[PDB]
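Engineer: sequence, then structure. It's an experimental one.
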Amino acid sequence: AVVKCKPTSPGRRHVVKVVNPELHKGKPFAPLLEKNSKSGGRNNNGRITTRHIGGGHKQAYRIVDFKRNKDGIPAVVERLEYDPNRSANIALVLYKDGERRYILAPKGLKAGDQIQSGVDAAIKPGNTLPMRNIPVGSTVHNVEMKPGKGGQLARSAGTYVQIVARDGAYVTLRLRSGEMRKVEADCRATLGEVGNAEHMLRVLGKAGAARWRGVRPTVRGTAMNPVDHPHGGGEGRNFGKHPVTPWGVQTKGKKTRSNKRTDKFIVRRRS
Amino acid sequence: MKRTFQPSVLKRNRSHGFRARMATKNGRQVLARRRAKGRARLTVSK
Amino acid sequence: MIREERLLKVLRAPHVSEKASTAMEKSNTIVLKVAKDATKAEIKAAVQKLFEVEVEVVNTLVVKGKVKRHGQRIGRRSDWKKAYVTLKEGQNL
Amino acid sequence: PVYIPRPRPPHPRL
RNA sequence: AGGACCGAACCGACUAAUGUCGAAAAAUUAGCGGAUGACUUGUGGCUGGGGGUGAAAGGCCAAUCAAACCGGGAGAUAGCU
RNA sequence: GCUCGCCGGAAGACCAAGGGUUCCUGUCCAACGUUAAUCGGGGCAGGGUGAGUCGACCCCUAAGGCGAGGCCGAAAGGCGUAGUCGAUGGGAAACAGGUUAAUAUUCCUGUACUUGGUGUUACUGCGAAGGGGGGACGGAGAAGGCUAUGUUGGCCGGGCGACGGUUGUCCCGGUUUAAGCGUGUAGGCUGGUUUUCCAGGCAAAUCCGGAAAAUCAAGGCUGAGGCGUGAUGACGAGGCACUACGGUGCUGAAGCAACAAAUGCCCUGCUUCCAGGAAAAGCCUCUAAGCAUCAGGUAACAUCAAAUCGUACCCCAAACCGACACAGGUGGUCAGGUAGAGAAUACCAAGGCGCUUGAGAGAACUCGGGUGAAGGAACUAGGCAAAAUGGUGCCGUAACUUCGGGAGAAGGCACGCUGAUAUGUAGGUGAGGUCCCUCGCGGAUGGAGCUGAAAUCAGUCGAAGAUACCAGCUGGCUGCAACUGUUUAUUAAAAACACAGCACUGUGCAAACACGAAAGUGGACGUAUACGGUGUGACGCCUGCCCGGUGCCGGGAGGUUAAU
Ligand SMILES: [Mg+2]
Ligand SMILES: [Mg+2]
Ligand SMILES: [Mg+2]
Ligand SMILES: [Mg+2]
Ligand SMILES: [Mg+2]
Ligand SMILES: [Mg+2]
Ligand SMILES: [Mg+2]
Ligand SMILES: [Mg+2]
Ligand SMILES: [Mg+2]
Ligand SMILES: [Mg+2]
Ligand SMILES: [Mg+2]
Ligand SMILES: [Mg+2]
Ligand SMILES: [Mg+2]
Ligand SMILES: [Mg+2]
Ligand SMILES: [Mg+2]
Ligand SMILES: [Mg+2]
Ligand SMILES: [Mg+2]
Ligand SMILES: [Mg+2]
Ligand SMILES: [Mg+2]
Ligand SMILES: [Mg+2]
Ligand SMILES: [Mg+2]
Ligand SMILES: [Mg+2]
Ligand SMILES: [Mg+2]
Ligand SMILES: [Mg+2]
Ligand SMILES: [Mg+2]
Ligand SMILES: [Mg+2]
Ligand SMILES: [Mg+2]
Ligand SMILES: [Mg+2]
Ligand SMILES: [Mg+2]
Ligand SMILES: [Mg+2]
Ligand SMILES: [Mg+2]
Ligand SMILES: [Mg+2]
Ligand SMILES: [Mg+2]
Ligand SMILES: [Mg+2]
Ligand SMILES: [Mg+2]
Ligand SMILES: [Mg+2]
Ligand SMILES: [Mg+2]
Ligand SMILES: [Mg+2]
Ligand SMILES: [Mg+2]
Ligand SMILES: [Mg+2]
Ligand SMILES: [Mg+2]
Ligand SMILES: [Mg+2]
Ligand SMILES: [Mg+2]
Ligand SMILES: [Mg+2]
Ligand SMILES: [Mg+2]
Ligand SMILES: [Mg+2]
Ligand SMILES: [Mg+2]
Ligand SMILES: [Mg+2]
Ligand SMILES: [Mg+2]
Ligand SMILES: [Mg+2]
Ligand SMILES: [Mg+2]
Ligand SMILES: [Mg+2]
Ligand SMILES: [Mg+2]
Ligand SMILES: [Mg+2]
Ligand SMILES: [Mg+2]
Ligand code: NA
């Protein structure tokens, strides 16, 4: 899993890789790929809306089933593949009716294993079923927020949510953030944590190992001039200001949430 | 020393061509100005 | 069907030069100054009728007009089309 | 002459 | 294997001389740095002025940038020559 | 015309972009050419660009543009669905010779190949804006087989050398031939086949997917090159005939082998890695409605069409961008000999050029060089600049270290040529012969040849043997920045910026945040192991006290407090 690349060149010295042997060493499934053109932060009018996005490698988008709406019909995990669009490893799965899809890999799921979705599934990891049929306190993942929506919570590597309680038609989830949210119990939720838990241990070693992940560098405020950024200019490492984003809104502690149309579903706020 | 005008008929037209003018309103006003001044060559569409 | 009132329009003049000379000499090709559009089939039929001689292939090109500084004024000449007509075997002028 | 070359900087008599 | 080493193409511009009404509105000569990559390049496209873009120098945005260029307000205003 | 010099991974040859007659011929020297000009990319006139196969066009899509209706917007207008454009990519097909003053894969000769139209000929389920397959892909590495190509040998032709020798393991030249068709190789991948069933492929489908069970162990697809043919043909060193003195008409020998060998082809292959590597059509099948003598499909033959535009010329340049015939810039392709690791470099081939002012002189002084007595940094701000070092093989190699490095540390030794070991070695390559059988482009053996290191021993020459070109100066202490990188195009390349790493903080998804009056879009087709912002800047040891102030976060009990 976690390997330390030998310091046989500066920039190779610090690298820590995740050499997953079990990952499929071949081409991904054809009918489930589609083109994923890069943007670089830019949008309709063409302006950099999100700074620092740019460059990197081409990647095709693997159509992962997040909905898990194929009830009853069992399925076997053909193989586990590396997905450049995610931090979790995808799994090409085949249902008994010759239809093959992608799912996220829970922690304990090798190839050859078997899983199936719907209300009457078992509670083995990989199985999806509404969060009314899932027990209390079990750790699930790929959680929905609306019945039929698709699954939005706990989609990243090593992440998972926990059903703290079900009070009527609503389940309270100790979200991976530590926030206690409260959604409908009729929202399906894949069981078990997400795999690739050793994702957060890689260290990328050098600047290129990020530049090809597609992150142009971030220039500090202080370096910039007064016109470029609130922290600006000076005769050598001068700040005297209060930390704010390039648009003068306070960073380093300022709650910037205002929904008023969902604040009722948050049991308790973040930790 | 690399100068500024690196000619290319494709870009030249797509930027200042006749249909590039007549596309939008401002371009058609540019054409109107050219015709009011009475120029020989309205646009650059050699 | 291609009308006589167009075949009488296609052909304009027979080009004369060293190249037209040697072409008529060695390859049975008469060189003509044909109209602007003057498609190969149009020229084919127009010669097959107006000259009543037998055509094999028509090979055509468009020469561009020179720029001519008549006096002190930059002029130009019309771009016209020259067509090589390889007669089958017989004869022509 | 539509191009007007800039003058060379004067000696810094500060 | 490697933002690995030496070193041409290629990319650049550290030193020195020349050049400074030049051969050249930034170059030549001798060297010099990278040279499988955060590299370089072709073609086309996108972002436009208080706007763009910026590995950030107020840099670049047509030999012009502490706010482009063109036209208009405009014969601004100028207790200053 | 003869010498001389230069280039030759270019200053040669062919294109693209760009230019637009600059191409060729005749005529002229007013202007243009930094001089002269008979010359010219100059002036005037005439000629020249021939395509089923090359490109465009056209079919298909990328980024992206426009965008019915649509959503939004004081107006203009913005976004965007269906859709339609858009190559820098995907999609059918021609080669070798001959020719012009100038075009030629376009003309001519020969040899082909592609796609459709139509008609007859039979046999047949055909049928799509729909399904499936395909096209369809990264970086790096390595090896095997090849080829281009060159070298030598063998032939063929010619020569017997301006002064020594030169009919001999002597000299010079040529020894070339394509596409297509047949073959199916080195080699690459893949089990194959028959039935039967099925909640998948928005319906269907025999196609795909998926199960079963038998099935034979083979097949299928891909495939460089070679071989045969193309070709009793062309080309051909040259010889002769006539000279528009330019070249035309004929005749025209040999036209093999080995070895070396690509950065090119097999190979989009193989192995491997993480950074996870366009799409759509053409293509092949499946069926839907509709029709099932028909239509339509396939095959065979015949025949027709392949239109339109480009094609001259420059293209690291006097023709494109730079105002100039400007020491600048300009993408792609080919790349020969000797020496060499090499596309470096030196000298050369093909080929091109002598840079559009020259002639004298041989003052100072300036520029580019060469050498230098003795000293050797005393110069100077500073060893700036020069000088010096420089290669391959082996020996040897410290502190420190993050254990990799440092390190090419430092330093030393050998290097030419000749002969022998060895009538050239080890090695490579491999004929003939022979045997085997899947009988062949087969395997085993076999070694003729053809190449060909490296080492040792002996000798010899010179002042010097990595002899030219080319080609590290070395070490010690230290500040800063971890490092590779980026930066003020055009006086600043750094300690500045970035960086991987660390931290705080925001953000629960219709996320935060950002562009946008809004629709919307980016974030992200991502989901707290994620994204944004801010600071710090690998790594090691660490980061101490202060919340008075400003800010941020949390409270709401009290005072004040807006519109109303
Ligand atoms: Mg960022
Ligand atoms: Mg950072
Ligand atoms: Mg930064
Ligand atoms: Mg400010
Ligand atoms: Mg400062
Ligand atoms: Mg200070
Ligand atoms: Mg023809
Ligand atoms: Mg390197
Ligand atoms: Mg190097
Ligand atoms: Mg240089
Ligand atoms: Mg280096
Ligand atoms: Mg500028
Ligand atoms: Mg201003
Ligand atoms: Mg005034
Ligand atoms: Mg006024
Ligand atoms: Mg040429
Ligand atoms: Mg002219
Ligand atoms: Mg000429
Ligand atoms: Mg005269
Ligand atoms: Mg003159
Ligand atoms: Mg002329
Ligand atoms: Mg043509
Ligand atoms: Mg639109
Ligand atoms: Mg289209
Ligand atoms: Mg193209
Ligand atoms: Mg020519
Ligand atoms: Mg060969
Ligand atoms: Mg010989
Ligand atoms: Mg290479
Ligand atoms: Mg696709
Ligand atoms: Mg029929
Ligand atoms: Mg040509
Ligand atoms: Mg000149
Ligand atoms: Mg020049
Ligand atoms: Mg060479
Ligand atoms: Mg050279
Ligand atoms: Mg000169
Ligand atoms: Mg002198
Ligand atoms: Mg001497
Ligand atoms: Mg001395
Ligand atoms: Mg001395
Ligand atoms: Mg001193
Ligand atoms: Mg002194
Ligand atoms: Mg020096
Ligand atoms: Mg010297
Ligand atoms: Mg030197
Ligand atoms: Mg050096
Ligand atoms: Mg100090
Ligand atoms: Mg540094
Ligand atoms: Mg550096
Ligand atoms: Mg500068
Ligand atoms: Mg810092
Ligand atoms: Mg502190
Ligand atoms: Mg306090
Ligand atoms: Mg407060
Ligand atoms: Na405080």
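Structural biologist: Nice, thanks for sending it over. Numbers count the residues shown, from 1 in each chain, chains lettered A, B, ... in the order given. Ligands and ions are numbered 1, 2, ... in the order given.
Engineer: run a quick neighbour tally on the nearest residue to residue C:17 once chain neighbours are set aside.
Structural biologist: Nearest residue to residue C:17, sequence neighbours excluded (C-beta to C-beta, 6 or more residues apart in numbering or on different chains): residue C:31, at 7.4 Å. (Each C-beta comes from the backbone N, C-alpha and C, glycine too.) Here the count is done by other C-beta atoms under 10 Å in any protein chain shown, and residue C:31 has 20 residues near it.
Engineer: show residues contacting the helix or strand containing residue C:31.
Structural biologist: Here residue C:31 sits within strand C:29-34, counting by DSSP states H and E. By C-beta atoms under 8 Å, 6 or more residues apart in numbering or on different chains, the residues outside strand C:29-34 that reach it are C:10-17, C:19-20, C:23-24, C:43, C:47, C:59-60, C:80-87, C:92-93.
Engineer: with adjacent residues omitted, what lies nearest to the closest residue to ligand 1 within chain C?
Structural biologist: In chain C, the residue that lies nearest ligand 1 is residue C:64 (57.4 Å; C-beta to the ion). Spatial nearest neighbour of residue C:64, excluding adjacent residues (C-beta to C-beta, 6+ apart): residue C:79 at 4.8 Å.
Engineer: measure the one you found to residue C:37 for me?
Structural biologist: 12 Å (C-beta to C-beta, to the nearest Å).
Engineer: what does residue A:172 give?
Structural biologist: From residue A:172 over to residue C:37 (counting by C-beta to C-beta), the distance is 81 Å.
Engineer: quick one: residues contacting the nearest residue to residue A:147 once chain neighbours are set aside.
Structural biologist: Distance criterion C-beta to C-beta, 6+ apart; nearest residue to residue A:147, sequence neighbours excluded, is residue A:186 at 4.6 Å. Listed by C-beta under 8 Å, 6+ apart, the contact set of residue A:186 reads A:130-132, A:147, A:169.
Engineer: swap the cut-off to 10 Å and go again
Structural biologist: Each residue near residue A:186 by C-beta atoms under 10 Å, 6 or more residues apart in numbering or on different chains is listed here: A:130-133, A:144, A:146-148, A:169-171.
Engineer: how about residue A:128?
Structural biologist: So residue A:128 contacts A:65-71, A:103, A:115-119, A:121, A:134, A:140-144, A:151, A:188-191 (C-beta under 10 Å, 6+ apart).
Engineer: PyMOL command to pick out the buried ones of those residues?
Structural biologist: The buried subset of the contacts of residue A:128, as determined by 16 or more other C-beta atoms under 10 Å in any protein chain shown, is captured in PyMOL by this line:
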select buried, chain A and resi 65+66+67+68+70+103+115+116+117+118+121+134+140+141+142+143+144+151+188+189+190+191
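Engineer: in helices, which of the contacts of residue A:128 appear?
Structural biologist: The helices, defined by DSSP state H, take in nothing from these.
Engineer: for ligand 3, tell me which of the contacts of residue A:128 show up nearby.
Structural biologist: Taking C-beta under 5 Å from the ion as the test, ligand 3 is in contact with none of the contacts of residue A:128.
Engineer: of the contacts of residue A:128, list those near RNA strand E.
Structural biologist: Among those, not one lies near RNA strand E by C-beta under 7 Å from any atom of the strand.
Engineer: and residue A:172 and residue C:37? Which one has more around it.
Structural biologist: A direct count of neighbours by other C-beta under 10 Å for residue A:172 and residue C:37 places residue A:172 higher, at 20 against 9.
Engineer: for the residue of chain C found nearest ligand 3, grab phi and psi.
Structural biologist: Ligand 3 sits closest to residue C:64 of chain C, with a gap of 59.5 Å, by C-beta to the ion. Main-chain torsions, residue C:64, degrees, to the nearest 10: phi -90, psi 150.
Engineer: lovely, talk soon.
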